[PDB]
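*Asks:* Below you'll find data_10.tsv; it's TSV, C-alpha atoms.
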chain	number	residue	atom	x	y	z
A	1	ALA	CA	88.69	74.46	115.60
A	2	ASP	CA	88.95	78.36	115.37
A	3	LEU	CA	85.50	79.95	114.56
A	4	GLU	CA	86.78	82.27	111.78
A	5	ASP	CA	88.32	79.23	110.02
A	6	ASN	CA	85.00	77.31	110.05
A	7	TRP	CA	83.28	80.56	109.14
A	8	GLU	CA	85.56	80.82	106.07
A	9	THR	CA	84.83	77.16	105.16
A	10	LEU	CA	81.12	77.98	105.17
A	11	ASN	CA	81.58	81.04	102.90
A	12	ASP	CA	83.93	79.41	100.35
A	13	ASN	CA	81.74	76.30	100.09
A	14	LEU	CA	78.66	78.51	99.50
A	15	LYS	CA	80.62	79.80	96.53
A	16	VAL	CA	81.40	76.22	95.44
A	17	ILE	CA	77.66	75.42	95.55
A	18	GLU	CA	76.71	78.65	93.72
A	19	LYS	CA	79.14	77.86	90.85
A	20	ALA	CA	78.59	74.02	90.86
A	21	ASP	CA	77.47	72.28	87.64
A	22	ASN	CA	76.56	68.89	89.18
A	23	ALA	CA	75.02	67.34	92.33
A	24	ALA	CA	78.34	65.68	93.42
A	25	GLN	CA	80.05	69.10	93.69
A	26	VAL	CA	77.09	70.45	95.70
A	27	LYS	CA	77.11	67.34	97.94
A	28	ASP	CA	80.82	67.56	98.69
A	29	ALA	CA	80.57	71.32	99.53
A	30	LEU	CA	77.52	70.76	101.78
A	31	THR	CA	79.46	67.97	103.54
A	32	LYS	CA	82.28	70.43	104.36
A	33	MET	CA	79.70	73.00	105.50
A	34	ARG	CA	78.07	70.46	107.84
A	35	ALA	CA	81.42	69.56	109.44
A	36	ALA	CA	82.30	73.30	109.74
A	37	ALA	CA	78.92	74.11	111.36
A	38	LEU	CA	79.39	71.26	113.85
A	39	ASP	CA	82.81	72.68	114.87
A	40	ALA	CA	81.64	76.32	114.99
A	41	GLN	CA	78.75	75.23	117.22
A	42	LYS	CA	81.31	74.24	119.90
A	43	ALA	CA	83.20	77.59	119.76
A	44	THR	CA	82.64	80.80	121.77
A	45	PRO	CA	82.00	83.92	119.67
A	46	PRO	CA	83.90	87.09	120.70
A	47	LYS	CA	80.77	88.83	122.10
A	48	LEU	CA	80.09	85.88	124.44
A	49	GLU	CA	83.65	85.19	125.79
A	50	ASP	CA	82.75	86.87	129.11
A	51	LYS	CA	79.44	84.95	129.21
A	52	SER	CA	78.82	81.59	130.83
A	53	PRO	CA	79.01	78.55	128.51
A	54	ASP	CA	75.45	77.81	129.73
A	55	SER	CA	74.21	81.39	129.23
A	56	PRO	CA	70.96	81.96	127.23
A	57	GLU	CA	73.12	83.69	124.59
A	58	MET	CA	75.39	80.61	124.19
A	59	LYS	CA	72.29	78.40	124.02
A	60	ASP	CA	70.88	80.75	121.34
A	61	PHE	CA	74.25	80.67	119.54
A	62	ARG	CA	74.22	76.85	119.54
A	63	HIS	CA	70.54	76.65	118.47
A	64	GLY	CA	71.29	78.77	115.40
A	65	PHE	CA	73.77	76.09	114.33
A	66	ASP	CA	71.17	73.36	114.98
A	67	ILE	CA	68.90	75.22	112.55
A	68	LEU	CA	71.77	75.60	110.06
A	69	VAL	CA	72.70	71.91	110.27
A	70	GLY	CA	69.00	71.16	109.70
A	71	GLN	CA	68.90	73.28	106.54
A	72	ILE	CA	72.19	71.75	105.34
A	73	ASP	CA	70.71	68.26	105.75
A	74	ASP	CA	67.63	69.37	103.75
A	75	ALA	CA	69.91	70.61	100.96
A	76	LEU	CA	71.89	67.34	101.15
A	77	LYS	CA	68.70	65.32	100.62
A	78	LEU	CA	67.99	67.37	97.48
A	79	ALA	CA	71.57	66.97	96.16
A	80	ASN	CA	71.40	63.21	96.85
A	81	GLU	CA	68.25	63.07	94.67
A	82	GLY	CA	70.17	64.83	91.86
A	83	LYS	CA	68.22	68.09	92.30
A	84	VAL	CA	71.18	70.48	91.73
A	85	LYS	CA	69.06	73.63	91.15
A	86	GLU	CA	66.84	72.96	94.21
A	87	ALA	CA	69.87	72.22	96.42
A	88	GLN	CA	71.56	75.43	95.21
A	89	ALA	CA	68.38	77.40	95.98
A	90	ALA	CA	68.23	75.78	99.44
A	91	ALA	CA	71.87	76.76	100.14
A	92	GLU	CA	71.02	80.44	99.38
A	93	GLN	CA	68.69	80.39	102.46
A	94	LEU	CA	71.53	79.48	104.92
A	95	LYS	CA	72.77	83.11	104.98
A	96	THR	CA	69.33	84.14	106.34
A	97	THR	CA	69.74	81.90	109.43
A	98	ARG	CA	73.38	82.87	109.99
A	99	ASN	CA	72.57	86.63	109.87
A	100	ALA	CA	69.61	86.38	112.33
A	101	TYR	CA	71.06	83.88	114.85
A	102	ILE	CA	74.90	84.00	114.78
A	103	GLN	CA	75.93	87.30	113.06
A	104	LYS	CA	74.80	89.43	116.08
A	105	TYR	CA	77.49	87.56	118.16
A	106	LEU	CA	80.52	88.39	115.96
A	107	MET	CA	79.95	92.13	115.46
A	108	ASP	CA	80.51	93.52	118.99
A	109	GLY	CA	82.06	96.81	120.24
A	110	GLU	CA	85.65	95.60	119.67
A	111	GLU	CA	85.08	93.37	116.55
A	112	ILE	CA	83.12	96.08	114.63
A	113	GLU	CA	86.34	98.32	114.95
A	114	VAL	CA	88.79	95.60	113.62
A	115	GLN	CA	86.57	95.54	110.45
A	116	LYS	CA	87.72	99.14	109.66
A	117	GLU	CA	91.40	98.55	110.73
A	118	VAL	CA	91.70	95.56	108.34
A	119	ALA	CA	89.83	97.68	105.68
A	120	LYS	CA	92.29	100.63	105.81
A	121	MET	CA	95.16	98.07	105.48
A	122	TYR	CA	93.96	96.62	102.13
A	123	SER	CA	93.38	100.17	100.78
A	124	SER	CA	96.93	101.09	102.02
A	125	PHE	CA	98.34	98.02	100.18
A	126	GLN	CA	96.28	99.36	97.20
A	127	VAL	CA	98.35	102.56	97.04
A	128	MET	CA	101.49	100.73	98.35
A	129	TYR	CA	101.68	98.87	94.96
A	130	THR	CA	100.24	101.86	92.97
A	131	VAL	CA	103.17	103.97	94.30
A	132	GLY	CA	105.64	101.10	93.54
A	133	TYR	CA	104.50	100.84	89.90
A	134	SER	CA	104.25	104.67	89.36
A	135	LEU	CA	107.91	105.07	90.55
A	136	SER	CA	108.82	101.85	88.61
A	137	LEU	CA	107.11	103.47	85.50
A	138	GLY	CA	108.77	106.88	85.98
A	139	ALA	CA	112.20	105.23	86.51
A	140	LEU	CA	111.97	103.42	83.12
A	141	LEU	CA	110.54	106.57	81.39
A	142	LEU	CA	113.61	108.48	82.64
A	143	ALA	CA	116.07	105.56	82.04
A	144	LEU	CA	114.96	105.36	78.38
A	145	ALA	CA	114.85	109.14	77.90
A	146	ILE	CA	118.56	109.40	78.74
A	147	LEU	CA	119.68	106.27	76.67
A	148	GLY	CA	117.44	107.23	73.72
A	149	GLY	CA	118.97	110.07	71.72
A	150	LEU	CA	122.64	110.19	72.85
A	151	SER	CA	126.14	108.77	72.01
A	152	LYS	CA	124.70	105.65	73.81
A	153	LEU	CA	122.26	105.46	70.83
A	154	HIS	CA	125.28	104.11	68.85
A	155	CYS	CA	125.35	101.05	71.25
A	156	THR	CA	123.55	97.72	70.46
A	157	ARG	CA	123.55	96.61	74.18
A	158	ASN	CA	121.69	99.87	74.97
A	159	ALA	CA	118.82	98.58	72.70
A	160	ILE	CA	118.32	95.01	74.06
A	161	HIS	CA	117.77	97.08	77.34
A	162	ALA	CA	115.67	99.84	75.71
A	163	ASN	CA	113.17	97.08	74.85
A	164	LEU	CA	113.57	95.20	78.21
A	165	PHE	CA	112.61	98.54	79.79
A	166	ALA	CA	109.83	98.87	77.16
A	167	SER	CA	108.32	95.50	78.31
A	168	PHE	CA	108.15	96.59	81.99
A	169	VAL	CA	106.78	100.11	81.10
A	170	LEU	CA	103.96	98.49	78.99
A	171	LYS	CA	103.05	96.22	82.00
A	172	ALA	CA	103.21	98.92	84.79
A	173	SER	CA	101.03	101.31	82.69
A	174	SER	CA	98.52	98.49	81.99
A	175	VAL	CA	98.21	97.73	85.76
A	176	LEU	CA	97.52	101.49	86.44
A	177	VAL	CA	94.64	101.39	83.86
A	178	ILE	CA	93.18	98.17	85.49
A	179	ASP	CA	93.56	99.73	89.02
A	180	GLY	CA	92.14	103.04	87.66
A	181	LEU	CA	89.06	101.66	85.83
A	182	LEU	CA	88.25	99.20	88.71
A	183	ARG	CA	87.48	102.31	90.90
A	184	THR	CA	85.28	104.69	88.79
A	200	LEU	CA	76.92	104.45	78.28
A	201	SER	CA	79.18	102.98	81.06
A	202	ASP	CA	80.36	100.13	78.72
A	203	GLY	CA	82.28	102.94	76.89
A	204	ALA	CA	84.76	102.59	79.81
A	205	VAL	CA	83.94	99.06	81.27
A	206	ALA	CA	85.18	97.43	77.99
A	207	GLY	CA	88.02	100.01	77.95
A	208	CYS	CA	90.15	98.10	80.51
A	209	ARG	CA	89.29	94.72	78.85
A	210	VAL	CA	91.51	95.76	75.87
A	211	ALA	CA	94.06	97.06	78.46
A	212	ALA	CA	94.22	93.65	80.28
A	213	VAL	CA	95.55	92.30	76.91
A	214	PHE	CA	98.75	94.43	77.06
A	215	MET	CA	99.31	93.45	80.72
A	216	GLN	CA	99.44	89.67	80.02
A	217	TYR	CA	101.31	90.51	76.73
A	218	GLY	CA	103.95	92.61	78.58
A	219	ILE	CA	104.03	90.13	81.54
A	220	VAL	CA	105.50	87.35	79.39
A	221	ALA	CA	107.44	89.85	77.18
A	222	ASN	CA	109.50	90.89	80.25
A	223	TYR	CA	110.82	87.24	80.21
A	224	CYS	CA	112.02	86.95	76.53
A	225	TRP	CA	113.91	90.22	77.02
A	226	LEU	CA	115.17	88.55	80.22
A	227	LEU	CA	116.15	85.59	77.94
A	228	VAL	CA	117.96	87.94	75.48
A	229	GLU	CA	119.98	89.53	78.44
A	230	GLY	CA	121.09	86.04	79.58
A	231	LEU	CA	122.01	84.77	76.08
A	232	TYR	CA	123.67	87.98	74.70
A	233	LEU	CA	126.06	87.80	77.72
A	234	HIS	CA	126.96	84.22	76.68
A	235	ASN	CA	126.50	84.23	72.84
A	236	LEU	CA	128.00	87.75	72.76
A	237	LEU	CA	130.48	88.52	75.68
A	238	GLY	CA	130.78	84.92	77.00
A	239	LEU	CA	132.14	83.59	73.67
A	240	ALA	CA	133.71	86.97	72.56
A	241	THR	CA	135.06	85.10	69.43
A	242	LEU	CA	132.08	85.19	66.91
A	243	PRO	CA	131.90	88.11	64.36
A	244	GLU	CA	128.05	88.48	64.35
A	245	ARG	CA	126.90	91.07	66.99
A	246	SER	CA	124.91	93.96	65.33
A	247	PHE	CA	123.01	91.83	62.71
A	248	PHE	CA	121.13	89.96	65.54
A	249	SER	CA	118.05	92.27	64.90
A	250	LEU	CA	116.69	89.06	63.24
A	251	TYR	CA	116.50	87.63	66.85
A	252	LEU	CA	116.56	90.99	68.80
A	253	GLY	CA	113.09	92.56	68.38
A	254	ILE	CA	112.04	89.08	67.13
A	255	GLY	CA	112.59	87.36	70.51
A	256	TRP	CA	109.75	89.84	71.31
A	257	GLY	CA	107.61	87.48	69.13
A	258	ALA	CA	107.55	84.33	71.40
A	259	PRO	CA	105.55	86.10	74.27
A	260	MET	CA	103.05	87.22	71.54
A	261	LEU	CA	102.75	84.05	69.37
A	262	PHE	CA	102.41	81.50	72.25
A	263	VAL	CA	100.25	83.96	74.35
A	264	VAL	CA	98.00	86.32	72.21
A	265	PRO	CA	95.66	83.60	70.68
A	266	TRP	CA	95.82	81.52	73.94
A	267	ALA	CA	94.18	84.52	75.73
A	268	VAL	CA	92.35	86.68	73.05
A	269	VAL	CA	90.52	83.67	71.54
A	270	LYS	CA	90.08	81.94	74.96
A	271	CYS	CA	88.65	85.27	76.35
A	272	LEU	CA	85.80	85.72	73.75
A	273	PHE	CA	84.98	82.02	74.63
A	274	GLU	CA	84.61	82.45	78.45
A	275	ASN	CA	84.77	86.25	79.20
A	276	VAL	CA	83.63	87.61	82.58
A	277	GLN	CA	85.23	90.57	84.45
A	278	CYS	CA	87.97	93.05	83.34
A	279	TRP	CA	90.88	91.25	85.11
A	280	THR	CA	90.10	87.69	83.84
A	281	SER	CA	90.15	85.06	86.66
A	282	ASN	CA	91.66	81.50	86.77
A	283	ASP	CA	90.28	79.46	83.80
A	284	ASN	CA	92.98	76.68	84.35
A	285	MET	CA	92.84	75.46	80.68
A	286	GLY	CA	92.71	79.11	79.50
A	287	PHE	CA	95.60	80.85	81.32
A	288	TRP	CA	98.01	77.85	81.62
A	289	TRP	CA	98.24	77.96	77.79
A	290	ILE	CA	98.08	81.79	77.81
A	291	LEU	CA	101.02	83.03	79.97
A	292	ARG	CA	102.28	79.99	82.05
A	293	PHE	CA	103.57	78.35	78.77
A	294	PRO	CA	106.33	80.82	77.50
A	295	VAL	CA	107.27	82.21	81.01
A	296	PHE	CA	108.22	78.63	82.09
A	297	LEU	CA	110.02	77.99	78.74
A	298	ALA	CA	112.14	81.15	79.32
A	299	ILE	CA	113.03	80.67	83.09
A	300	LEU	CA	114.07	76.99	82.43
A	301	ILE	CA	116.69	77.56	79.63
A	302	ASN	CA	117.89	80.83	81.40
A	303	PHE	CA	119.19	78.66	84.34
A	304	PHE	CA	121.40	76.28	82.35
A	305	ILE	CA	122.98	79.28	80.58
A	306	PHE	CA	123.39	81.10	84.01
A	307	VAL	CA	125.35	78.19	85.59
A	308	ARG	CA	127.73	78.16	82.54
A	309	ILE	CA	127.96	82.00	82.80
A	310	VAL	CA	129.40	81.70	86.34
A	311	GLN	CA	131.40	78.51	85.26
A	312	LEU	CA	133.21	80.57	82.58
A	313	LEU	CA	133.26	83.71	84.84
A	314	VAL	CA	135.40	81.95	87.55
A	315	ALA	CA	137.79	80.69	84.75
A	316	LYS	CA	138.56	84.38	84.04
A	317	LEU	CA	139.58	84.80	87.76
A	318	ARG	CA	143.02	83.03	87.65
A	319	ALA	CA	143.35	83.89	83.89
A	320	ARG	CA	142.48	87.50	84.98
A	321	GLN	CA	140.54	88.13	81.71
A	322	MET	CA	137.23	89.56	83.13
A	323	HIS	CA	139.00	91.93	85.61
A	324	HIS	CA	137.20	93.54	88.69
A	325	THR	CA	136.72	96.66	86.50
A	326	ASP	CA	135.81	95.03	83.12
A	327	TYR	CA	132.69	96.40	81.31
A	328	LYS	CA	131.87	92.73	80.59
A	329	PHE	CA	132.29	91.93	84.32
A	330	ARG	CA	130.06	94.92	85.36
A	331	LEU	CA	127.14	93.70	83.16
A	332	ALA	CA	127.83	90.18	84.54
A	333	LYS	CA	127.37	91.14	88.25
A	334	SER	CA	124.15	93.03	87.10
A	335	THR	CA	122.49	90.49	84.71
A	336	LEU	CA	123.17	87.35	86.96
A	337	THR	CA	121.53	89.50	89.73
A	338	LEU	CA	118.29	89.80	87.64
A	339	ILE	CA	117.98	86.33	86.12
A	340	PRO	CA	117.47	84.45	89.50
A	341	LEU	CA	116.00	87.24	91.80
A	342	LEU	CA	113.34	88.23	89.18
A	343	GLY	CA	113.12	84.64	87.83
A	344	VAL	CA	112.61	82.58	91.04
A	345	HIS	CA	110.24	85.03	92.91
A	346	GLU	CA	107.93	85.30	89.83
A	347	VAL	CA	108.17	81.45	89.51
A	348	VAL	CA	106.99	81.07	93.18
A	349	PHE	CA	104.06	83.23	91.86
A	350	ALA	CA	102.30	80.48	89.79
A	351	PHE	CA	102.95	77.24	91.86
A	352	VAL	CA	105.12	76.92	95.07
A	353	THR	CA	102.20	77.39	97.47
A	354	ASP	CA	99.82	75.89	94.79
A	355	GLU	CA	97.07	74.68	97.31
A	356	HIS	CA	93.77	76.72	97.24
A	357	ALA	CA	93.58	76.31	101.12
A	358	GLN	CA	91.38	79.39	101.96
A	359	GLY	CA	90.81	83.05	100.99
A	360	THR	CA	92.60	84.55	104.09
A	361	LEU	CA	95.90	82.70	103.20
A	362	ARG	CA	95.34	83.10	99.38
A	363	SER	CA	95.16	86.96	99.53
A	364	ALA	CA	98.45	87.07	101.61
A	365	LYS	CA	100.21	85.39	98.63
A	366	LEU	CA	98.53	87.70	96.03
A	367	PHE	CA	99.33	90.93	97.98
A	368	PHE	CA	102.94	89.73	98.63
A	369	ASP	CA	103.44	89.01	94.87
A	370	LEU	CA	101.81	92.36	93.90
A	371	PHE	CA	104.33	94.23	96.23
A	372	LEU	CA	107.48	92.74	94.60
A	373	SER	CA	105.84	92.70	91.11
A	374	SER	CA	105.18	96.50	91.48
A	375	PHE	CA	108.79	97.68	92.25
A	376	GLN	CA	109.98	95.23	89.48
A	377	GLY	CA	110.82	97.85	86.76
A	378	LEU	CA	112.49	100.20	89.31
A	379	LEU	CA	115.31	97.75	90.20
A	380	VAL	CA	115.97	96.87	86.45
A	381	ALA	CA	116.18	100.65	85.60
A	382	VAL	CA	118.65	101.00	88.52
A	383	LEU	CA	120.84	97.82	87.90
A	384	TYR	CA	121.33	98.22	84.09
A	385	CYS	CA	120.89	101.99	83.48
A	386	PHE	CA	121.54	104.21	86.57
A	387	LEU	CA	124.27	101.81	88.01
A	388	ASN	CA	126.45	101.46	84.86
A	389	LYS	CA	129.67	103.52	85.22
A	390	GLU	CA	129.96	104.54	81.50
A	391	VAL	CA	126.25	105.58	81.56
A	392	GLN	CA	126.77	107.80	84.74
A	393	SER	CA	129.84	109.52	83.11
A	394	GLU	CA	128.43	110.44	79.63
A	395	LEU	CA	125.44	111.84	81.54
A	396	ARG	CA	127.68	114.18	83.68
A	397	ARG	CA	129.74	114.99	80.51
A	398	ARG	CA	126.85	116.46	78.49
A	399	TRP	CA	125.52	118.17	81.71
A	400	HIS	CA	128.61	120.45	81.96
A	401	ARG	CA	128.70	120.89	78.14
A	402	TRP	CA	125.03	122.05	78.22
A	403	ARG	CA	125.83	124.29	81.19
A	404	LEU	CA	128.85	125.63	79.19
A	405	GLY	CA	126.54	125.90	76.16
A	406	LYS	CA	124.11	128.12	78.15
A	407	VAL	CA	127.05	130.31	79.42
A	408	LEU	CA	128.40	130.94	75.86
A	409	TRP	CA	124.79	131.47	74.58
A	410	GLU	CA	124.38	134.36	77.15
A	411	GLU	CA	127.75	135.78	75.93
A	412	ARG	CA	126.55	135.65	72.24
A	413	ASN	CA	123.70	138.14	72.96
Could you write out this structure as structure tokens?
*Replies:*
Amino acid sequence: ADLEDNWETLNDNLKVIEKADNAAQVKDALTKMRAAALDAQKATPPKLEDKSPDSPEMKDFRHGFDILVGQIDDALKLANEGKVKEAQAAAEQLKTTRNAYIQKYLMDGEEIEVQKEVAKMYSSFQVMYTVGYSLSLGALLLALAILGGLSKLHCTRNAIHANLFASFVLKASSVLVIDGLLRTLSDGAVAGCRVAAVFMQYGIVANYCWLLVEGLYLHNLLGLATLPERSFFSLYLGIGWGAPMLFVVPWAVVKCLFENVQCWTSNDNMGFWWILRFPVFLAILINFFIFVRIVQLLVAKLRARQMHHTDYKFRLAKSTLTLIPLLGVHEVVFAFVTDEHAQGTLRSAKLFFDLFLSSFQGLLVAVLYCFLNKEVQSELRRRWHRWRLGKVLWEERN
């Protein structure tokens, strides 16, 4: 019905035709273009809303679509004869008619301004996630700098975090190299982000095994609180790190050299479902059934008053069960919840909405586990006054 909708149908199906491998694909796309052209022909472009429906402009507008439908039918005849290449070549000539007959009626005084307003919004969203990730990066760089090299260093919990934070810092930095290189002999830099896109998919799944570790070593460790093994789990600590590398790295490094295109590799279906969608789904599934037993045993400690309102075990509990569903579900909606291709206008809205939450991802983890823990806040203020005292006595020495 709406002209922009039919106009989008025409553009996406041109793309379908351009990338088609057989006549049936071309035929189906041309069919959708014909139907779209027929609908658009009955609409009123913005520049002619004040004009009469019988105006010479509206008659010109409608004749352009008669020409287009004519060319579409010519391309259909070719596709129906199995002439894929000829039909594809014919489809490339539609843009010529659209530009000369219809394009002059969409770009008017008001509509040529919207073009820039929409443009400064996508470039604002471009820094809006760049800022998110830079702060998310900096948070984790600071969160690790305080936990690393301390009396916290003697903690094993403050290591299964130090790596969880290391998985989000590897990702955020990879995204700022993709973002950076995508706006800059030349192949000495063009292939430079290709090796960087590796770490991003690597550290995109990795931030889900470390999210598996946090869920299990609340259960297997604090949940049970009866088993002697606790520190010797390094055999499954920085080894859990291995699953988002083993069932990812070949499924993307070998599948890339097979069908490589741009820096940020696009949907290959067979390629990426095996690459990252495999271990991220394996991790979010088994993290739910442990989570529901976590709360099941947590409420048992209410009447028994074991895990008290001020227990260190209970603090970690109201911070890890706050990161297993929030982070888990919203980055599960990411792959397939609104799984229909639909159109580009509605597709980008999903992408930009996922990029916004996916940017400030490592900020909230750095806050929940590091900057919000009460024994972390205290040791920090302890050594601050001791350093300050240190400086005072140092000035007295000389």
*Asks:* Given only C-alpha atoms, how would the per-residue table for segment 304-364 of chain A near segment 137-160 of chain A read, listing every residue at most 12 Å away with its closest atom pair and distance in Å to one decimal, sorted by chain and number, as CSV?
*Replies:*
residue,atom,partner,partner_atom,distance
A:327,CA,A:157,CA,11.6
A:328,CA,A:157,CA,11.2
A:331,CA,A:157,CA,10.1
*Asks:* With distances taken over all atoms listed in the file, which residue among A:205, A:210, A:299, A:258 lies nearest residue 230 of chain A?
*Replies:*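 Smallest distance to residue 230 of chain A is found for A:299.
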*Asks:* So which one's closest to residue 256 of chain A, A:232, A:269, A:164, A:201? Using only C-alpha atoms, please.
*Replies:*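 Between A:232, A:269, A:164, A:201, the residue approaching residue 256 of chain A most closely is A:164.
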*Asks:* I'd like the neighbourhood of residue 33 of chain A as a ChimeraX atom specification, where a residue qualifies if any of its atoms comes within 8 Å (using all atoms listed in the file), though same-chain residues fewer than 2 positions away should be ignored.
*Replies:* /A:9-10,13,29-31,35-37,72
*Asks:* Go ahead and save the picked residues with C-alpha atoms, as a PDB file, keeping the file's coordinate frame.
*Replies:*
ATOM      1  CA  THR A   9      84.830  77.160 105.160  1.00  0.00           C
ATOM      2  CA  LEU A  10      81.120  77.980 105.170  1.00  0.00           C
ATOM      3  CA  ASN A  13      81.740  76.300 100.090  1.00  0.00           C
ATOM      4  CA  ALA A  29      80.570  71.320  99.530  1.00  0.00           C
ATOM      5  CA  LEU A  30      77.520  70.760 101.780  1.00  0.00           C
ATOM      6  CA  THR A  31      79.460  67.970 103.540  1.00  0.00           C
ATOM      7  CA  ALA A  35      81.420  69.560 109.440  1.00  0.00           C
ATOM      8  CA  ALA A  36      82.300  73.300 109.740  1.00  0.00           C
ATOM      9  CA  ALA A  37      78.920  74.110 111.360  1.00  0.00           C
ATOM     10  CA  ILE A  72      72.190  71.750 105.340  1.00  0.00           C
TER      11      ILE A  72
END
*Asks:* Got a sec: who's within 12 Å of residue 74 of chain A, counting only C-alpha atoms, leaving out chain neighbours fewer than 6 positions off, as a list in words?
*Replies:*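 Near residue 74 of chain A, the qualifying residues are residues 27, 30, 31, 34, 67, 68, 80, 81, 83, 86, 87, 88, 89, 90, 91, 93 and 94 of chain A.
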*Asks:* Ranking A:111, A:388, A:379, A:361 by minimum distance to residue 325 of chain A and counting all atoms listed in the file, which one comes first?
*Replies:*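 Distance minimum relative to residue 325 of chain A lands on A:388.
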*Asks:* I need the residue nearest residue 106 of chain A from this list: A:127, A:295, A:48, A:121. Use only C-alpha atoms for the distance.
*Replies:*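 Among the listed residues, the smallest separation from residue 106 of chain A belongs to A:48.
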*Asks:* Please measure the separation of atom CA of residue 46 of chain A and atom CA of residue 108 of chain A, giving the value in Å to one decimal.
*Replies:*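 Going from atom CA of residue 46 of chain A over to atom CA of residue 108 of chain A, I get 7.5 Å.
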*Asks:* Could you check how far atom CA of residue 313 of chain A sits from atom CA of residue 225 of chain A, in Å to one decimal?
*Replies:* 21.9 Å
*Asks:* Choose the residue, out of A:23, A:312, A:162, A:237, that has the smallest atom-to-atom separation from residue 385 of chain A; count only C-alpha atoms.
*Replies:*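 The closest residue to residue 385 of chain A is A:162.
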*Asks:* How many Å lie between atom CA of residue 96 of chain A and atom CA of residue 110 of chain A, rounded to one decimal?
*Replies:*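 If I compute the distance from atom CA of residue 96 of chain A to atom CA of residue 110 of chain A, I get 24.0 Å.
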*Asks:* When distances are computed from all atoms listed in the file, which of A:6, A:136, A:25, A:103 shows the smallest separation from residue 371 of chain A?
*Replies:* A:136
*Asks:* Dig up all the protein and nucleic acid residues within 8 Å of (99.4, 98.0, 92.4) in the file frame, using only C-alpha atoms, and format them as a compact mmCIF listing (two decimals) with C-alpha atoms, keeping the file's coordinate frame.
*Replies:*
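Output contents, as saved in point31.txt:
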# COMPACT_ATOMS: atom_id res chain seq x y z
CA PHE A 125 98.34 98.02 100.18
CA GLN A 126 96.28 99.36 97.20
CA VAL A 127 98.35 102.56 97.04
CA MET A 128 101.49 100.73 98.35
CA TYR A 129 101.68 98.87 94.96
CA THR A 130 100.24 101.86 92.97
CA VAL A 131 103.17 103.97 94.30
CA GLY A 132 105.64 101.10 93.54
CA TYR A 133 104.50 100.84 89.90
CA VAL A 175 98.21 97.73 85.76
CA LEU A 176 97.52 101.49 86.44
CA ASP A 179 93.56 99.73 89.02
CA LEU A 370 101.81 92.36 93.90
CA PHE A 371 104.33 94.23 96.23
CA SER A 374 105.18 96.50 91.48
*Asks:* Sorted by chain and rising residue number, list the residues of segment 253-305 of chain A at most 10 Å from segment 215-219 of chain A (counting all atoms listed in the file), each with its closest atom pair and distance in Å to one decimal, as CSV.
*Replies:*
residue,atom,partner,partner_atom,distance
A:256,CA,A:218,CA,9.7
A:259,CA,A:217,CA,6.6
A:260,CA,A:217,CA,6.4
A:261,CA,A:217,CA,9.9
A:263,CA,A:217,CA,7.0
A:264,CA,A:217,CA,7.0
A:267,CA,A:216,CA,8.5
A:279,CA,A:215,CA,9.8
A:287,CA,A:216,CA,9.7
A:290,CA,A:216,CA,8.3
A:291,CA,A:216,CA,6.8
A:295,CA,A:219,CA,8.6
*Asks:* Residues at most 12 Å from residue 303 of chain A, counting all atoms listed in the file, excluding those fewer than 5 positions away in the same chain, as a VMD selection string?
*Replies:* chain A and resid 226 to 227 230 to 231 296 to 298 308 to 310 336 338 to 341 343 to 344
*Asks:* Using the incomplete input, complete segment 22-31 of chain A to the level of N, CA and C atoms; output as a PDB file, in the frame of the given file.
*Replies:*
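The new file part-v6.pdb reads:
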ATOM      1  N   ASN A  22      77.136  70.211  88.921  1.00  0.00           N
ATOM      2  CA  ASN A  22      76.560  68.890  89.180  1.00  0.00           C
ATOM      3  C   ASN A  22      76.295  68.675  90.678  1.00  0.00           C
ATOM      4  N   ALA A  23      75.451  67.681  90.978  1.00  0.00           N
ATOM      5  CA  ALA A  23      75.020  67.340  92.330  1.00  0.00           C
ATOM      6  C   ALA A  23      76.193  66.891  93.218  1.00  0.00           C
ATOM      7  N   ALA A  24      77.184  66.171  92.652  1.00  0.00           N
ATOM      8  CA  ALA A  24      78.340  65.680  93.420  1.00  0.00           C
ATOM      9  C   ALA A  24      79.134  66.831  94.015  1.00  0.00           C
ATOM     10  N   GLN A  25      79.331  67.909  93.234  1.00  0.00           N
ATOM     11  CA  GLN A  25      80.050  69.100  93.690  1.00  0.00           C
ATOM     12  C   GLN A  25      79.285  69.769  94.830  1.00  0.00           C
ATOM     13  N   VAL A  26      77.954  69.864  94.684  1.00  0.00           N
ATOM     14  CA  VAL A  26      77.090  70.450  95.700  1.00  0.00           C
ATOM     15  C   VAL A  26      77.164  69.604  96.969  1.00  0.00           C
ATOM     16  N   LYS A  27      77.059  68.274  96.820  1.00  0.00           N
ATOM     17  CA  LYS A  27      77.110  67.340  97.940  1.00  0.00           C
ATOM     18  C   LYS A  27      78.392  67.473  98.733  1.00  0.00           C
ATOM     19  N   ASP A  28      79.530  67.490  98.038  1.00  0.00           N
ATOM     20  CA  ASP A  28      80.820  67.560  98.690  1.00  0.00           C
ATOM     21  C   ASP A  28      80.953  68.874  99.473  1.00  0.00           C
ATOM     22  N   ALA A  29      80.505  70.010  98.881  1.00  0.00           N
ATOM     23  CA  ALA A  29      80.570  71.320  99.530  1.00  0.00           C
ATOM     24  C   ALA A  29      79.684  71.345 100.769  1.00  0.00           C
ATOM     25  N   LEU A  30      78.448  70.828 100.653  1.00  0.00           N
ATOM     26  CA  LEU A  30      77.520  70.760 101.780  1.00  0.00           C
ATOM     27  C   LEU A  30      78.096  69.908 102.904  1.00  0.00           C
ATOM     28  N   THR A  31      78.816  68.831 102.547  1.00  0.00           N
ATOM     29  CA  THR A  31      79.460  67.970 103.540  1.00  0.00           C
ATOM     30  C   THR A  31      80.447  68.779 104.374  1.00  0.00           C
TER      31      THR A  31
END
